[PDB]
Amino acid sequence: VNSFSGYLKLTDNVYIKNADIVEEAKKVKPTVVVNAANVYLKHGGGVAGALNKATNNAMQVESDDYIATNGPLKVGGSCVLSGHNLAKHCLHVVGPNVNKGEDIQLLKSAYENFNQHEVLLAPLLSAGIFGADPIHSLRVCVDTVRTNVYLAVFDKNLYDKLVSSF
């Protein structure tokens, strides 16, 4: 388990790799994989859809059961559920959607959830459809997370740009 290889060290605790997070999760068998979730844990696209498809919808069934007890997650909030075949645990984290005018400060709250886990495989939060600058998101991760975080970035152009910022 936690067989991370081929990562570039950015800080004492933050690593980055140009990788498909699902492919990495299958290879690393991490204790925790982070999902970039919405408040309803509807895993319909992006990283969430890829992770859920890799579990053959087990993640979605379990998420639905969780939401049935909890109701929607709060922006900046998270929940710990099964990682199924991808990890021991999946940390589902909701970053702000700045397209809805949600405060970018809630991205710190979002990354603060990582501090409850000694090692995580994660994507960058609040990028793509959540509209945050991904370089800004990596800055918040680096400033906020004190446990060991291994970031997978799929897009090589984005990866090059992030690495070029350290």
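We number the residues from 1 along the sequence you see. Superpose the two forms; the largest set of C-alphas matching within 1.5 Å is the rigid core.
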Original post:
Rigid core superposed, root mean square over structures and residues, which stretch has C-alphas farther from this form in 8 other deposited structures of this protein, 28-36 or 97-105?
Top reply: 97-105
Subject >> Core-fitted comparison in 8 other deposited structures of this protein, 112-120 vs 125-133, farther C-alphas >> reply: 125-133
Original post:
As stated in the PDB record, which stretch has the larger average Cα B-factor, 48-56 or 35-43?
Top reply: 48-56
Original post:
On average, are the C-alpha B-factors higher in 64-72 or in 26-34?
Top reply: 26-34
**OP:** Report the option among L138, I129, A122, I104 whose CA atom has the maximum B-factor in the deposited record.
**Re:** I104
**OP:** Would you please rank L10 by its C-alpha temperature factor against the other modelled residues of its chain and give the third it falls in: lowest, middle or highest?
**Re:** highest
Original post:
Lowest, middle or highest third of the chain for the C-alpha temperature factor of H92?
Top reply: lowest
Subject >> Within-chain third of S109 by Cα B-factor, per the entry >> reply: middle
Original post:
Taking the entry's C-alpha B-factors for this chain, is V153 in the lowest, middle or highest third?
Top reply: middle
